[PDB]
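Single chain ahead, written as structure tokens, the form deposited in one PDB entry.
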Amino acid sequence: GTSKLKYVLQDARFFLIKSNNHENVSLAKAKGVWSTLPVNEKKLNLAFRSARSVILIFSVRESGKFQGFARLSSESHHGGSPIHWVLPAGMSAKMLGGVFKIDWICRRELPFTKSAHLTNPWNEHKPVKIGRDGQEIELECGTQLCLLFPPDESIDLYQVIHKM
């Protein structure tokens, strides 16, 4: 069902994550980690303390889709085997230092064509697919967007609710 999902999304904050390549999103799904640029890293650390759930909604650039969504389980931390991110033109690897742990809520795709009726007040009411990496999505639009994804029956939200 969707009752536990709605509970997790209750009073959550939502952020759009734009990745330049599929390889890093695949790595994030396999390992439960994400790294972003320092400007967005600071925003996510502040949000993590402020909200019962912080949700990252992922979209690979030029894919025309979202690839899933996940909940932050930690603030960013440095120190660990450098994740073997595929670095775009000038990512320095030092800018992708700072690793957040995430718990996937949905690893299924959603095409942008399915979200065309959702606009984001925090980005001038443009369609929610439009936005830069780290753009915050207002609560009602973010909740609706997450509910549009196909159910991911491989995920049990029971352990996620306990992190809360």
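Rigid core: the largest C-alpha set superposing within 1.5 Å between the two forms. Residue indices: 1-based, along the sequence shown.
Can you tell me which stretch has the higher mean Cα B-factor, 70-78 or 90-98?
-> The entry gives the higher C-alpha B-factor average to 90-98.
From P127, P38, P111, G134, residue of greatest CA B-factor | Highest C-alpha B-factor among the listed residues goes to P38.
Compared with the other modelled residues in the chain, in which third is the CA B-factor of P151?
-> Its C-alpha B-factor belongs to the highest third of this chain's values.
When the modelled residues of the chain are sorted by Cα temperature factor, does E62 land in the lowest, middle or highest third?
-> As the PDB entry reports it, the C-alpha B-factor of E62 lands in the highest third of its chain.
Should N120 be placed in the lowest, middle or highest third of its chain by the C-alpha B factor in the entry?
-> Tercile = lowest for this residue's CA B-factor.
Would you check the entry's CA temperature factor for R107 and let me know if it's in the chain's lowest, middle or highest third?
-> Tercile = lowest for this residue's CA B-factor.
CA B-factor ranking of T143, expressed as a third of its chain = It belongs to the lowest third of the chain when residues are ordered by C-alpha B-factor.
From this point on, the text means the form deposited in another entry, which you will not see here.
Comparing forms between this form and the one not shown after core superposition, the one residue of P38, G32, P111, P127 displaced by 2 Å or more at CA = Looking at each option in turn, only one qualifies, and it is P38.
Is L96 one of the residues whose C-alpha moves 2 Å or more between this form and the one not shown after the core fit?
-> For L96, whose C-alpha is compared between this form and the one not shown after core superposition, the shift is 2 Å or more.
Since the CA distance of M95 and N120 differs by 3 Å or more in the other form, is it closer or farther than in the form displayed?
-> Relative to the shown form, the pair is farther apart.
What happens to the Cα distance from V39 to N123 in the other form: does it get closer or farther than here, with a change of 3 angstroms or more?
-> Result: farther.
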